[PDB]
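Beneath this line is the structure, given in structure tokens, with notes to follow.
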Amino acid sequence: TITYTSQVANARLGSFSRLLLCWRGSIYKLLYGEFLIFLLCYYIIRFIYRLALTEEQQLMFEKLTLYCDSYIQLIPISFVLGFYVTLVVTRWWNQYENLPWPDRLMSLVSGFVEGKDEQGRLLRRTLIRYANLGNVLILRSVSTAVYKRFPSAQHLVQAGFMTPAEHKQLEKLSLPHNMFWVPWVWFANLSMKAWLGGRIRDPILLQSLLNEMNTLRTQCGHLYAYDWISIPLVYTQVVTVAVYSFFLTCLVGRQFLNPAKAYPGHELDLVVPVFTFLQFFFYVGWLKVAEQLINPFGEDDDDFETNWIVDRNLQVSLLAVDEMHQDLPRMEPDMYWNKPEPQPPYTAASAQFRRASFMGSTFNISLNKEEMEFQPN
Amino acid sequence: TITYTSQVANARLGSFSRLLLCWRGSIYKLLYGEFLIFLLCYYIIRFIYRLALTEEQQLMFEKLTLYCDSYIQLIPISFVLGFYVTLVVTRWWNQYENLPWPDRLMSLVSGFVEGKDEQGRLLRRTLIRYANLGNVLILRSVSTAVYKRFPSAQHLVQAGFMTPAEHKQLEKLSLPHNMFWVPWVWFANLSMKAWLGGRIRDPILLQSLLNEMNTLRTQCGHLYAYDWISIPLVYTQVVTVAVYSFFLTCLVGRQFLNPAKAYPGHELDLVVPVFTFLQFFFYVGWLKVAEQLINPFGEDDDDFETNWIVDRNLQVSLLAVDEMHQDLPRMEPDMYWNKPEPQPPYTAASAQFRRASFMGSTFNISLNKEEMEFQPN
Amino acid sequence: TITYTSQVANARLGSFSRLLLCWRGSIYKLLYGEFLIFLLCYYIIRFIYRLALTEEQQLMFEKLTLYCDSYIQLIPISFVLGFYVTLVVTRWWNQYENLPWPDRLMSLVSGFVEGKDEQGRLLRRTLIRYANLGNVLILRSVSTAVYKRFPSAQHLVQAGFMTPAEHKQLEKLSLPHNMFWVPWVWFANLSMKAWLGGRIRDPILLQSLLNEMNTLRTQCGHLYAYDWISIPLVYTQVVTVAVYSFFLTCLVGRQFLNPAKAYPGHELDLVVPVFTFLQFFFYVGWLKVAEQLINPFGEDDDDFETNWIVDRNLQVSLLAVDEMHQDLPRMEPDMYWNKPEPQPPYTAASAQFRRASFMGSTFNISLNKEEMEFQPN
Amino acid sequence: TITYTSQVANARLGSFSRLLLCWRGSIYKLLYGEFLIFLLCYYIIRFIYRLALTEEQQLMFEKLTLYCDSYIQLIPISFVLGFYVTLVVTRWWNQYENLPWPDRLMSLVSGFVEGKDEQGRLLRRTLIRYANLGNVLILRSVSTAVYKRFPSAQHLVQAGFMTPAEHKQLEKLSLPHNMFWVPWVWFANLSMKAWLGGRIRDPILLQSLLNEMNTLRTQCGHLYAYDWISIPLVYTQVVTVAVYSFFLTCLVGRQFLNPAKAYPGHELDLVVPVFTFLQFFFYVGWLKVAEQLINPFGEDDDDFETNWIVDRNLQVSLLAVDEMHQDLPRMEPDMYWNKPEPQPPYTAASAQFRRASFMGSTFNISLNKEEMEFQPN
Amino acid sequence: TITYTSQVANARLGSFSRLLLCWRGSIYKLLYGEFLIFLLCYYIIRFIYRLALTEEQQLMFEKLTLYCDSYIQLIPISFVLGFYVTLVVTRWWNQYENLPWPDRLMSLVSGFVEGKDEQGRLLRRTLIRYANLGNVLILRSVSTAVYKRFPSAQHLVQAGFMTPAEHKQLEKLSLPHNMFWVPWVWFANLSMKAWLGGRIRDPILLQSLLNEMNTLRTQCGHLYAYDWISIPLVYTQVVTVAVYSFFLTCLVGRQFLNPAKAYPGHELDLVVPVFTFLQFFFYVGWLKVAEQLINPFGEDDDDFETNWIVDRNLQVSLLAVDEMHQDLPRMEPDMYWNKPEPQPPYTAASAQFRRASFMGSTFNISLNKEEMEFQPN
Ligand SMILES: [Ca+2]
Ligand SMILES: [Ca+2]
Ligand SMILES: [Ca+2]
Ligand SMILES: [Ca+2]
Ligand SMILES: [Ca+2]
Ligand SMILES: [Cl-]
Ligand SMILES: [Cl-]
Ligand SMILES: [Cl-]
Ligand SMILES: [Cl-]
Ligand SMILES: [Cl-]
Ligand SMILES: [Cl-]
Ligand SMILES: [Cl-]
Ligand SMILES: [Cl-]
Ligand SMILES: [Cl-]
Ligand SMILES: [Cl-]
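Here you go:
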């Protein structure tokens, strides 16, 4: 994830232009190899046309260039790129929206599951560890960085996400499918055992716990779905064919012809086709947006920081269910205890953001007395 | 389903270009017959123009070609293809989103329904089998592969999805509609009987079970809706007419005219119209995206693997409600038992993904002392 | 509803081309009158230009045709058609998504409301009849076919959807608005009376019943909203003006001028403007998509089969709450009773769809021993 | 709201053409002033060019017209209009979707709150009046018609939406913000008092009541949000600048030049530029779609009928909670009491809509005996 | 936030034209620096071409200008701007939709948590203060104005959002991540303590409270997600490159060439390229829409008024849970006590908005007696 949110907080002078001086997650980093290949091919074709062809062959090449340049069209490539990249970006944000966060569940575990003794603490930690274990089980299946961190389930044992007993239990339950769903059944059965043991006082709290757990299950199932059901290969190949055919025909039709032949539109030899190169940067960077976002769980600069998410979820969940269980700050009267209209102060740097309330768009509508009286019937 | 998610994890050099060397679910596999027909028609017209027409007829054909080539427009076909294919892809992902997964329901069945004896085990298995039976009943109605697997309900009896008693009960309840909804009523009545029999301890657990069951019912009803209410035939015919008229007029207007006549734009005879063929690949592959995704439950390469889904759901549901009922791994203190900030290790292959936390975009905003003081009033 | 889902299960050779040989819900059925009017007007203008004008008048007509043909633009019509038809299709599928289905509610009524005697059976039937009566009350207000079936509420009395007592009660409660909401209040009060009478054992079941009832109420209210708040007339008129002005200027600018005058682009007289006719079919069929889907409750071929939905809902609801109440198939051990990994068989026609499981995209990532070891700290 | 849903029930011959003969909510009603201004400016410029310029000045004007006509582009205006109007229409339908309807809440109030005496009736009426008061408080803030109906809260007192006691209570609770949220807190506290007083028998009914109340609160908050956070002014100004610059350059570049000068494309003087006027109607009507829908709570023809909604909600809510509380029609056996497959009759006008059921798209798949047998293993 | 909703209530004569006379949040305010830079560069290039080049150099510059003007294309920039700005606007409204509002939660806190004594009042205030503290903790992380108001947590202590005890408790729980989630765990544990202490009478009320709290948690987590996961930098750079390359090539190709050379399209020297400047305003304002909305929590004119939201939420929440707890207006019979069809009056200014009810689109369908009779069978 490359974050530049602070750099674009305001629409200042050339705010998006300052983003062009970036390297991580940039157009250049994703495009330099393709651009160098295009450069080499274009200049090889140029040198062949200049110093490697006869006069008749050069005339034939000029006819070919004039024919190719008339078939270079911006409409199909722009249309398919816009629609395909919109689909890719929508799926990318949907994939982020299904990344599981155990915060609601950990709040309910810290609240509902009672007992400051060792058994209740162990129960809360085991429930939240089941949640985190299911999350990491799906993330090591969908994310290459998490898989590199945990190449096997024994790595999850060494990393504290799974106990040897849980590892053996998962080995007993081995079916020829992905077993990320097992910790959810473990969570349901353990919560049932907690409610039957008196640790959960009411079954409505059990229902809330299992509702949050099932929401996490749905998110992980959607992550598995996005990992499994790719965007159809035919669509990706259509977009790739469009872009690459466009620039293959630019590899010939955008060649600068001999200015001594007085060709229409080729009277000037600039050597470097800067407009073709700008089109290359724009179009192949538009393609690279999809090429980077199509699997947001890889190892690109703009890919999701899934290992950080796993670590943060584990730490925060364990702290919430273990150290923060019934550990409250002292409940004391606040600053606005007997002040019916609290007015928190503003700093000197924020005094300009003190704004009057918007009372609705109809507040300033002016009406005279005659038209404000209620008409009978 | 053709999965290439691992191949596009990173935006590497020509990552989408390596996808062009695929055959299953590719442009070529979906396009070779149409392209061969187009090739044959184009070259037959070419040979008729060359060696089967008089001089006046050839001049008339040249006039016709010049007239047809001026009416070849990229705007309508690209517009209608973009919007129609966007609709098709949206409906395709919606159809996947309504494929039923019994994991939440099977967790609730494994937890709520009590009893390690034969009767409670039979009750849990029968409930989860009702869920899977309803799912397979709608899937054999919407999917051609599932229907080929189960041409009749007696095949479902031989496959263990339905007992002979359930088959006879469904035969008694025969109405002149699709009877996929029956197992949901069976599930509701059986869960009510379980709650009245003491197997379900509280009616809130019954409510949760029936909520998950009704969610599965809504998903199956949406699958039936997508199978019944197709995209309107007029829209599909509009897109088909656009594409096929475009290439019917390319069948004549893209013919290479006689270079001895010195026609503008036809001074070169390349024999093979590679740009027309690239346009054909692009546009008819864009059409084939819709032609493949319009019914994602058929037997295409990119169609859903519904038989695998049915088998996996049956196996996982039966294992969850039967073998995993109150079968928990030993609850033991974890690795981070008394470690308030757990730090799971990273492998050498994943040490570069250890990242500092993003504390918000306002964290690096610099303010001096004077503008940080709270102003009075 | 015209269903061709089985015909487009696979992306076969010309699968969308075979849909062009259809008549119901086709382009031709929705377009033949407009196309005949366009044909007659075009050929009348042609005959006026040929055999009804002087030489100077013919020259003036040729100038007018050359001026009109330069203002025939594809961009505005395609843009507005794409966006407007996308809006129409989205609203059409939203209107289908709000068609009420009582299956969840009927499952909850069959389960929760107890009593195999006459009173409990009457109670269940009356509740589900209130649901179906509200559905049919909104559908006879939004659908022309349902209104033709039930022109008055007395027709609903003769059709069994309403009793004479309910008809008199609705006549007492007559307000100058649509009274489709009344059966929902009836359902709520009857369910409260059932819970107070002991027929509903717990108020949580009452809450579930009323939640499903309120979901049906929201769907019917959305149907009323879509019937009331049309797409704004200005937008529809904008699209209509665009299309009809395009073809009014094609009625003159696409006329074949005299070939003896040697006009650029008019050197050939084809008599029949096949490309203008293909554009007419495409564009006015794109318009007809919106013209058919804008009110999906009318009597078009692709309009919703609302009368069938009403009949199916009534039959299925009455069967579910009356005959299927606590009427369960015998609960017996299944085929996979002691088989921990069930494997249902495949037919010879479906053996090719037996697929291995997708274990995640990271499953085939290769790592050596050195980079798989956990690094310290 | 202009409703033409009945006029577009079928895709008949020129169904959208018959909508062009409308005046309320039409293109002409929203466009006549702008079109007359454009007409006057165009003909003033025409008369200046004809009878108010010297020969050299006329030649300079002709050069200016030829220069302006080459910069008249349809692409930017169509793109920005399509995207902006799509945003406006989406926000308009979202604003309708957040218009509060108290029907679910009034059903729950009529059911849950018990007592046919004066106190329970007063309690139900006060709860539903709190709901309607909150709705009208937000609607008089977002809608100009509702504000004209109730310029002050004392008008709400005279209109029965608020009692003098509630008006005084709201005056006591005066904060410098919009106080539409107060009746929701009133509803919550009154429902709590009702449950503690025995009028609400179970707290689950209290939860359902407050859930419906909070849904209404969310809808009203979204209405306030749409009233407050407008579409950004820069986007609206971009679209306005595009359209108005397009027609300002059409005001000169679309002038008919002198035909005696033999200008290319200006050899004919039609006086009235009908194609420029059609473009004006189309584009400025596309703009007027956004200009009318951007605030759907104003006083346009297609704006929401908010006063009718308020009146209908008040009447229906009071009738539902007061007269329909435990007032049920007599529960009697229906027409299909012992008829397991009910078949309601069809009228002669609706007999053609009797359709066979769609049993799924796989129902007609033909398989022979050999390929239907289950293969072993 | 710049609100002009009242100015666009009606589609009046030039309603969007009157918005062009605005300065705050306008095109000019966001564009004047870029436009002045473009103006200076264009006129510097103009003066170099006029008074700083030789005749051969001027001819070369004319060739360069003719070459650059043929590569100025509107299609890619318009496509990428439309799609990118649509994405930005969608994300901007999603970010507003996840701004937390404690109104539902404060209603439930005012209702459920009992006790008019000091302890219950302190409990309600502490719960609602936990909600507001979590909201302000995420808003000071995502919003620059809120961070300027509260540069540190000690500023939150001085502003009454946090007590010194809560500040010390948060300092004890310090993990190397953002600690905005802590008040949600505090809320859950405090609500559990309230229910165990008898302040919350039933656990269903506890479930409702924690459901509203978890909804607020999800909204704040989505705000954190939008702050962290920016739109990918490659897409922003693609759009920026497109726009800036378009206007860099307009900086040369739109120069007015020497009219004495008689160049096609350059026969007139207008000095000021008003059409290029209109294109600049339109396109760079379209870009500025995204440049302003990409981070809606900055300090732009159209950015969200987050400090006002924080203050309003604090005041309204404290008033609702403290002063409005069981403080109800006197429950008295209303104006329509025994009036079954209430008719609130209309003012003279609103009498035209009194409209008859829409009874459905099928209400005016005419049928004769013969076709209204039910057909047998
Ligand atoms: Ca990636
Ligand atoms: Ca298919
Ligand atoms: Ca219709
Ligand atoms: Ca309006
Ligand atoms: Ca901003
Ligand atoms: Cl799921
Ligand atoms: Cl170039
Ligand atoms: Cl459903
Ligand atoms: Cl070609
Ligand atoms: Cl509703
Ligand atoms: Cl034609
Ligand atoms: Cl809300
Ligand atoms: Cl014109
Ligand atoms: Cl969340
Ligand atoms: Cl210019």
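Chains as they are written, first to last, in the entry's author numbering: chain E, 2 to 378; chain D, 2 to 378; chain C, 2 to 378; chain B, 2 to 378; chain A, 2 to 378. Ideal placement from N, C-alpha and C gives every residue a C-beta, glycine not left out.
Query raised in the report: So, is the C-beta of residue 200/B closer than 7 Å to a C-beta in chain A?
Result: no
Query raised in the report: By DSSP, does residue 74/E sit in helix, in strand, or in coil?
Result: coil
Query raised in the report: Got a sec: is the Cβ-Cβ distance from residue 78/D to anything in chain A below 7 Å?
Result: no
Query raised in the report: Where do the N-terminal and C-terminal ends of the alpha helix (DSSP H) with residue 210/A fall, by residue?
Result: 204-229
Requested in this report: Measure from the alpha carbon of residue 102/A to the alpha carbon of each residue in 219/A, 163/A and 11/A, then state which is nearest.
Outcome: 219/A
Query raised in the report: Out of 154/B, 243/B, 258/B and 108/B, which has the shortest C-alpha to C-alpha gap to residue 185/C?
Result: 108/B
Query raised in the report: ligand 10 heavy atoms versus the CB of residue 237/B: any closer than 6 Å?
Result: no
Query raised in the report: Whose C-beta lies closer than 7 Å to the C-beta of residue 236/C among residues of the same chain, with five residues either side of it excluded?
Result: 85
Requested in this report: Would you kindly work out how many angstroms separate the C-alpha atoms of residue 83/E and residue 81/A, rounded to a whole number?
Outcome: 7 Å
Query raised in the report: Mind checking whether the beta-carbon of residue 277/B lies closer than 6 Å to any heavy atom of ligand 13?
Result: yes
Requested in this report: Have a look at the DSSP bridge pairing and note the partners of residue 376/D.
Outcome: 347/E
Query raised in the report: Relative to chain E, which residues along the segment 340-361 of chain A have a C-beta separation below 7 Å, given in chain order?
Result: 346, 347, 348, 349, 350 and 352
Query raised in the report: Under 7 Å between C-beta atoms, does residue 363/A make it to chain C?
Result: yes
Query raised in the report: residue 343/A to residue 316/B, Cα distance in whole Å?
Result: 6 Å
Query raised in the report: How about residue 301/A: is its Cβ closer than 6 Å to a heavy atom in ligand 5?
Result: yes
Query raised in the report: Mind pulling the chain D residues with CB within less than 7 Å of residue 4/C?
Result: 229 and 231
**Report entry** residue 228/C Cβ short of 6 Å to ligand 3 heavy atom set
**Finding:** no
Query raised in the report: Within 6 Å: the Cβ of residue 304/A and any heavy atom of ligand 5?
Result: yes
**Report entry** Exposed unless 16 or more other CB atoms sit within 10 angstroms - verdict on residue 33/B
**Finding:** exposed
Query raised in the report: Nearest-angstrom Cα distance between residue 30/C and residue 35/D?
Result: 27 Å
Report task. List in chain order: all unbroken alpha helix (DSSP H) runs of 4+ residues lying wholly within the segment 41-112 of chain B. Result -> 56-70 and 76-98
Query raised in the report: Around ligand 6, which residues pass a check of Cβ closer than 6 Å to any of its heavy atoms?
Result: 218/E, 219/E, 222/E, 102/D, 104/D and 105/D
Query raised in the report: Between the segment 348-360 of chain A and the segment 147-157 of chain B, do at least 3 Cβ pairs fall closer than 8 Å?
Result: yes
Query raised in the report: Can a CB atom of chain D be found closer than 7 Å to the CB of residue 139/C?
Result: no
Query raised in the report: Cα-Cα, which of 245/D, 188/D and 143/D is closest to residue 38/D?
Result: 245/D
Requested in this report: Return the CA-CA distance between residue 288/B and residue 281/A, expressed in angstroms with no decimal places.
Outcome: 21 Å
Report task. With DSSP collapsed to three states, give me the class of residue 262/A. Result -> helix
Requested in this report: Taking residue 6/C as part of the alpha helix (DSSP H), name the residues at either end of that continuous run.
Outcome: Neither: residue 6/C is in no alpha helix (DSSP H) and is coded neither H nor E.
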